[PDB]
Amino acid sequence: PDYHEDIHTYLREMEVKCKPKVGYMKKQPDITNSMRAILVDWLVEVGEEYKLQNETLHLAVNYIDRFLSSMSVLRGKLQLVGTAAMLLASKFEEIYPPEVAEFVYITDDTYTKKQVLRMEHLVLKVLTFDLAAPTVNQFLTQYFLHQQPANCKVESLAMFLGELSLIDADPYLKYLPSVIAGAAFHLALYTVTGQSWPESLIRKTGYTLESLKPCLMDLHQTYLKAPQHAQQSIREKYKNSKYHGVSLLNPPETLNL
Amino acid sequence: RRXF
Amino acid sequence: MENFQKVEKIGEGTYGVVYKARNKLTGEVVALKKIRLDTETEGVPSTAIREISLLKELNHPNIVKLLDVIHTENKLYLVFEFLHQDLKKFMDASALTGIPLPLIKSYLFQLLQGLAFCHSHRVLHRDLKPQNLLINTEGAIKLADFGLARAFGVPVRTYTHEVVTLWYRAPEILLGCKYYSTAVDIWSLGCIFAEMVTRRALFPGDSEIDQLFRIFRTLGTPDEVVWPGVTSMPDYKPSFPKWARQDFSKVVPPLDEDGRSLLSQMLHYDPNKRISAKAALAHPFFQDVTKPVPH
């Protein structure tokens, strides 16, 4: 595609403007990372329950973090912000989104339909309608076109690792999505085949295996600890044969850096 | 489910 | 909102009535689009979500400028630059004489520049047609109506039952491909290009199936040599009549060799070989382009 490079450059320009604040959680007086992790985990179930695209999920998480970057939110209203975000994401990415009623339904009438509709409106003001955010999922898609041959266990597993990173704001909030996606691809490739971050992609991204190292270290930890984590929605998801069961594969015990 |  | 005065309704569209309005303090003229925030339905519709967020990234002389977005409790107003009519109306008021060729050439040149700008910004328009192109009285033309436009950072999944007006639909969509590509915008545009020249819709079909056969009668039935993979396509049927490519000079009489050369590359069957908007701007057809004003 004649624009495929332009897109990549343009996605790299946009990821910097869509960045949440680094340490927003600690000026947030009533909530924390641990409860952000419960929310996001919940969002994975809602996506599975309604057969949403993975992208809708990445989008919603971007909106939530950007919103919590400038608004204090009480714990009893956290789920409302998340549920409004998943609605906007679905409206943006899905061919036909689930009705508001269904979004009200998954909360157990913990909020009313109007409350959701007013939150949608509030989220839209705060993000000033900037909904077209680049996501780890997007860069992975671009990176996959540089694999020989196409190996779909590596694709599934790189997706899987990128989803895990949604759950924990510390540390993953301090990496751009292009970096997390690089780290996930290397790690997935390394794990299935013993291969390495290809030259084609170093040339494309200007990212050496060496500049991935800090993020690749974290993702190795995460991958290793994954069966132990409080949140398990994602592992549940990636056991499906639809993902070639990559959630079941054994992480390697060293990165060999 | 409700949730925190 | 208090600073706007409505002048007249200028037609209906995706989000309902469009007004011409004037800013009471700067003197500016503006098209207002009004979305009714029904607090009982579905919230902001997805057409507004997409048009607002996409149009705010797209800044180009050949894409309509979104000037402002006005929020209240119960209303969302969109404020666009004002353009007094669309291609469709210009073409009906131009029937009989036809649109002069230098104006066709200028318009197509401008439209390809806006499209190239969308595509290089990961935006598919998705719904190009004479109704969604606007003109001023100085000879500009602009892509408008981004209500169906999609970001393709991840390839965009097609509708199981296309909602979008038969006549400008690419063959790969009609044969039920899984994803759109930028190629679908090029095909629409090739159609509009022919329509401006001939004064008539290039492929005026009645049903999804009749749309396909009207394309096959003019371009000839595609086969695996022309289109590697056609026969593998979901909606492909072996019982398709096997028509032979008809003669391109009889499809668009009033066009020189460079016109037909470009137009036929915008109508290549295979989405992978259809010329991109970027490469179309380098076509010799635009070597003598200028900027005339319409009457």
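Residue numbers begin at 1 in each chain, while the letters A, B, ... track the order of the sequences. These numbers come from the heavy atoms of this one structure, side chains and all, not from hydrogens, waters or symmetry mates.
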Just how far is it from atom [atom1] of [X] to atom [atom2] of [Y], taken to the nearest 0.5 Å?
| X | Y | atom1 | atom2 | answer |
| --- | --- | --- | --- | --- |
| C:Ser46 | A:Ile95 | OG | CD1 | 11.5 Å |
| C:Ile49 | A:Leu87 | CD1 | CG | 8.0 Å |
| C:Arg157 | A:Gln53 | CZ | CD | 4.5 Å |
| C:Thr39 | A:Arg118 | OG1 | CZ | 7.5 Å |

Are more than 12 heavy atoms, taken from residues, nucleotides or ligands other than [X], located less than 6.0 Å from that residue's [atom1] atom?
| X | atom1 | answer |
| --- | --- | --- |
| A:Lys237 | NZ | yes |
| A:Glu5 | CD | no |
| A:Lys77 | NZ | no |
| A:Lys153 | NZ | no |
| C:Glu224 | CD | yes |
| C:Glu57 | CD | yes |

Practice task
Mark yes or no for whether A:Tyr3, through its side chain, and C:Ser276, through its backbone, hold a donor-acceptor pair below 3.5 Å.
Solution key: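 Looks like no, no N/O pair under 3.5 Å.
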Exercise for the section: Spell out, as yes or no, whether a donor-acceptor pair under 3.5 Å connects the side chain of C:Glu42 to the backbone of A:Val100. Expected result: yes
Problem - ring pair (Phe, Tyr, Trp, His ring centres under 6.0 Å) partners of residues 88-113 of chain A, not counting sequence neighbours, each pair once - result: A:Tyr96-C:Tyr159
Exercise for the section: For residues 147-169 of chain A, pull every pair meeting ring pair (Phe, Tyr, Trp, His ring centres under 6.0 Å), keeping only residues two or more places apart or in separate chains. Expected result: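 Applying ring pair (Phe, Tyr, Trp, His ring centres under 6.0 Å) to every pair that reaches into residues 147-169 of chain A, excluding sequence neighbours, yields A:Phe160-A:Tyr238.
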What part of [X] gets closer than 4.5 Å to chain A, counting heavy atoms only: side chain, backbone, both or neither?
| X | result |
| --- | --- |
| C:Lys278 | both |
| C:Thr160 | neither |
| C:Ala183 | neither |
| C:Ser181 | neither |

Exercise for the section: Under 4.5 Å, counting heavy-atom pairs only, tell me which of C:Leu37, C:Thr41, C:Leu76, C:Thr47 racks up the most with chain A. Expected result: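 Highest number of pairs under 4.5 Å: C:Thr41.
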Fill in the blank from the handout: Closest non-hydrogen atoms of A:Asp2 and C:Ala279, given as atom of the first, atom of the second and distance, are OD2-CB, 4.3 Å
Proximal component of [X], with respect to chain C [non-hydrogen, under 4.5 Å]:
| X | answer |
| --- | --- |
| A:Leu11 | side chain |
| A:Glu13 | neither |
| A:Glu55 | side chain |

Tabulate below the donor-acceptor pairs under 3.5 Å that side-chain atoms of residues 119-132 of chain A make, not counting sequence neighbours, or state none.
| residue | atom | partner | partner atom | Å |
| --- | --- | --- | --- | --- |
| A:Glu120 | OE1 | A:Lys91 | NZ | 3.1 |
| A:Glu120 | OE1 | C:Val44 | N | 2.9 |
| A:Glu120 | OE2 | A:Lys91 | NZ | 2.5 |
| A:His121 | NE2 | C:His71 | ND1 | 3.1 |
| A:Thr128 | OG1 | A:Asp130 | OD2 | 2.8 |

Handout entry: Contacts of residues 112-127 of chain C with chain A (heavy atom under 4.5 Å)
Key = C:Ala116, C:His119, C:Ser120, C:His121, C:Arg122
Exercise for the section: Would you indicate whether the side-chain heavy atoms of C:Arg150 and A:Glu93 approach each other to under 4.5 Å? Expected result: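 Result yes, sub-4.5 Å side-chain heavy-atom pair found.
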Handout entry: Beyond-backbone contact of C:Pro155 with A:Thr141, side-chain heavy atoms, under 4.5 angstrom
Key = yes
